[PDB]
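Written below as structure tokens is the structure these notes are about.
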Amino acid sequence: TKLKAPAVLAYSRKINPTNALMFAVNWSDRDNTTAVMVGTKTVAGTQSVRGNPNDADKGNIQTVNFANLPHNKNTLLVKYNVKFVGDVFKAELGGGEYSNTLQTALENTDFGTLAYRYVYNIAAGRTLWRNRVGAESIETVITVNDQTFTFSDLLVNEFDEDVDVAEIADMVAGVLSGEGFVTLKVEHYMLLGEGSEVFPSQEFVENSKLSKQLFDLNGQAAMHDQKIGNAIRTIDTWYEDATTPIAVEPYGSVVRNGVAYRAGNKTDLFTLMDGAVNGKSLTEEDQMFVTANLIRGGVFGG
Amino acid sequence: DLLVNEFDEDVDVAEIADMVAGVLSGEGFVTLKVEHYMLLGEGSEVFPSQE
Amino acid sequence: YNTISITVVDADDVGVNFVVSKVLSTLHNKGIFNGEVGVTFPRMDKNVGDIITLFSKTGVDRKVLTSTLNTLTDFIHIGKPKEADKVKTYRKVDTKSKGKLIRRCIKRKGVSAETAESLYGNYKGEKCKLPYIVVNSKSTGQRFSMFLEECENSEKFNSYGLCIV
């Protein structure tokens, strides 16, 4: 057989989230949504490393950025939408009897498991990633096709069992398997407190003198869409020495720890995919890893 | 609502097509203005052409 | 003295020392460090660590600190009260840089901005390279890094659970 990957084989993203929007309501009075903005604070000048006569001139166009909760309210309203799309076997670039063979090797994949897990991430509230710590009560209302589904205390790591999560997962799985689309409106409610430092998306700083650069949406505390997506992708539980679910990546390379959780014992996508294509019966949990990366998308050719 | 790949017969499309056939056949020109309305949602990503 | 462990569970979401600093702030603002509860970290190396250990002689029970660190229960682990003859108390050491003692000098000596600035020009610039926790003060509304170094044991403690005098 020896079918080789097309030099340019590429796939697209299926689960597409939007940006979050931070607002300030009251736990009882959820109607006074208040624009949480980003202010500036002094700090400029005196770059002040030891010696380093070269990078001591540094011109200063600096002001740190900070954001806090209005002292009249106590509840953070985080708001985003998630569009799930179908046709998970769409090879945009390439597609010459190789992605088609991968399609015929990944037909017996359990979309149900993946579906449940994706919805579970939302219900647990993994997107916060900073505001989560210290909250009194979290309330995640998921309006899937006009059905507001309020969730609350669900474990992050341990995938617990819930009928309502499975209900939304049914719709998600249908979209995932065939072709269709579903958008759910997620609104989180967290009793933080009056005057609580909220944590918006930190933004890339170059070689300047800033340490606090905040991403805002037209003067409003907001979180990045890519980070929200990474929180739903935290489901890899079939890796070398599987512990906590990690972000599904072809090489499993989380750069925060500088590791490689798939690149090691031939568990990386490329190996598994090539094997399946040329004729190697894979395990369910490892073929689902391949499907998860197809959903994620990317260049899987070369 | 119209199908993408399967060409079904619709009369209103054939009306525009009629005046186009005549133009292409002989002389003259025709100009028709197209507007597309898309219901995406709140802050959905749009896709312009690359470069 | 008898002591209790407080353990930061593995947190992919946040910095581990950020959980340590939030734990120290909540132990401070909700009482705890009356003058007897003091933390100690069996894991102080470059960082402060993840294992905090409170050692009130009177005794530090869990029911109190599981309800104190309730906002932290998502990723905190409370040990059982065990005993130890000695605990390595750390103390608070502060860093001085320029404008603090510039305003201190024109406030005390009645010198002039320029006089103090000149008196201190070829001086100051302390930069401690000690393990630390970044703490948000409440009486004064800014954030700072509290530096911790090993010293001899003292009878009395502060409100952050470090040693006093």
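What follows is calculated from the coordinates using simple rules that are stated; it is not laboratory data. A quick note on method: Cβ atoms are made from the backbone with ideal geometry, for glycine too, and the neighbour counts reach across all protein chains shown.
Can you tell me, using C-alpha contacts under 8 Å and at least 6 residues apart, the relative contact order of region C:18-165 as a whole percent?
Computed value for region C:18-165: 33 percent relative contact order.
Normalised radius of gyration for region A:172-302, please: alpha carbon Rg relative to 2.2 N^0.38 Å, two decimal places.
1.36
Just to confirm the number: angle between the C-alpha axis of helix C:16-29 and the first principal axis of chain C, 0 to 90 degrees, nearest 10?
So the inclination is approximately 90 degrees.
Just in region A:116-170: which GluC sites (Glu not before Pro) are loop by DSSP and have at most 16 other Cβ atoms within 10 Å? Before the final figure, lay out the partial values.
Working: sites: A:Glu136, A:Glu139, A:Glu158, A:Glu161, A:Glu167; in loops: A:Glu136, A:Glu158, A:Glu161.
Loop-located and lightly packed - A:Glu136, A:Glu158, A:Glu161.
Any of C:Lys46/C:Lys96; C:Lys109/C:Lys129; A:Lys209/C:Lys98; C:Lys107/C:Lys129; A:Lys58/C:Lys46 with alpha carbons more than 26 Å apart? Name them for me.
Violating the 26 Å Cα-Cα cut-off are C:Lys109/C:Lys129; C:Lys107/C:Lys129; A:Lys58/C:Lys46.
Would you kindly state how much longer the chain becomes between A:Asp274 and A:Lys212 on full extension, computed as 0.36 nm times their sequence separation minus their alpha carbon distance, in nm to one decimal?
Length difference between fully extended and current span is 17.9 nm.
Starting from the 7 Å offset along Cα-to-Cβ, what nm value, one decimal, do you get for the label separation of A:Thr148 and C:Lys82?
5.0 nm
On alpha carbon coordinates alone, what is the Rg over Rh value for chain A, Rh being the Kirkwood radius?
Value, to two decimals: 1.03.
Can you tell me which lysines have their Cα less than 18 Å from the Cα of A:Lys280? Leave out same-chain residues fewer than eight positions away.
Straight-distance partners of A:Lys280: A:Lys2, A:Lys4, A:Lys266.
For every helix of n ≥ 4 consecutive DSSP H residues, a contribution of -39,500 (n - 2.57) applies; sum these over chain A, divide by its total residues, and give [θ] at 222 nm rounded to the nearest 500 deg cm²/dmol.
Value at 222 nm, helices only: -6500 deg cm²/dmol.
Using only the Cα atoms of region A:36-135, each taken as one equal point scatterer with no solvent, compute I(q) by the Debye sum, divide by I(0), and report log10 of the ratio at q = 0.10, 0.15, 0.18, 0.21 Å⁻¹.
Evaluating at q = 0.10, 0.15, 0.18, 0.21 Å⁻¹ gives log10 I(q)/I(0) of -0.70, -0.87, -1.02, -1.22.
Restricting attention to region A:215-291, which trypsin sites (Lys or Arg not before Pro) occupy a DSSP loop and are surrounded by at most 16 other Cβ atoms within 10 Å?
A:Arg256, A:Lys266, A:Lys280
Quick check for me: using +1 on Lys/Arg Cβ and -1 on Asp/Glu Cβ, what's the dipole size of region A:62-171 about its Cα centre, in debye to the nearest 20?
Here region A:62-171 has a charge dipole of around 780 debye.
Pairing the Cα long axis of helix A:284-296 with the longest principal axis of chain A, what angle in degrees results, from 0 to 90 and rounded to the nearest 10?
50 degrees
Mind jotting down the distance between the C-alpha centroids of region A:1-73 and region C:75-104, whole Å?
31 Å
Which of the three applies to region A:1-59, rounded, prolate or oblate, going by the alpha-carbon gyration tensor with a ≥ b ≥ c and a/c under 1.5 meaning rounded?
In terms of gyration-tensor shape, oblate.
For A:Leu93 and B:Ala21, what is the calculated FRET efficiency with R₀ set at 41 Å and r taken between the beta-carbons, to the nearest 0.05? Each step should come with its number before you reach the end.
On the way: r = 37 Å, r/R0 = 0.90.
The value I calculate is 0.65.
Under 22 Å from the Cα of A:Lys227, which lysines turn up, not counting those fewer than eight places away in the same chain?
Here the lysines satisfying the reach criterion relative to A:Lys227 are A:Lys14, A:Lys79, A:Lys83, A:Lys185, A:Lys212.
Please get the size of the charge dipole for region A:175-239, origin at its Cα centre, with Cβ charges of +1 on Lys and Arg and -1 on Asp and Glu, quoted in debye to the nearest 20.
Dipole magnitude for region A:175-239 comes out near 100 debye.
Dipole of chain A, Cα-centred, from +1 at each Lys and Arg C-beta and -1 at each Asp and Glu C-beta, to the nearest 20 debye?
Details: 26 positive and 37 negative charges, 254 e Å.
Its charge dipole is roughly 1220 debye.
Taking a virtual spin label 7 Å from the Cα of A:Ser177 along the C-beta vector, which residues in region A:63-84 bring their backbone nitrogen under 20 Å of it?
Correct set: A:84.
For a quick check of your reading of the filter: which GluC sites (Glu not before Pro) in region A:226-285 sit in a DSSP loop and have no more than 16 other Cβ atoms within 10 Å?
On the way: sites: A:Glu240, A:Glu284, A:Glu285; in loops: A:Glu240.
Within region A:226-285, the qualifying GluC sites (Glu not before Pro) (loop, at most 16 other Cβ atoms within 10 Å) are A:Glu240.
I need the phi-derived Karplus couplings for region A:183-194: 6.51 cos²θ - 1.76 cosθ + 1.60, θ = phi - 60°, integer Hz, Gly and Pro marked x.
Using θ = phi - 60°, the values come out as 10, 10, 9, 9, 10, 8, 10, 10, 6, 9, x, 7 Hz.
Provide the per-residue ³J(HN,Hα) series for region B:46-51, in order, calculated from phi with Karplus coefficients 6.51, -1.76, 1.60 and θ = phi - 60°, each as a whole number of Hz, with x at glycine and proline positions.
9, 10, x, 6, 7, 8
Binning at 10 angstrom from zero up to the longest distance, how are the C-alpha pair distances of the protein assembly as shown distributed in percent?
Values per bin, smallest distances first: 3, 14, 20, 22, 19, 12, 6, 3, 2, 1, 0.
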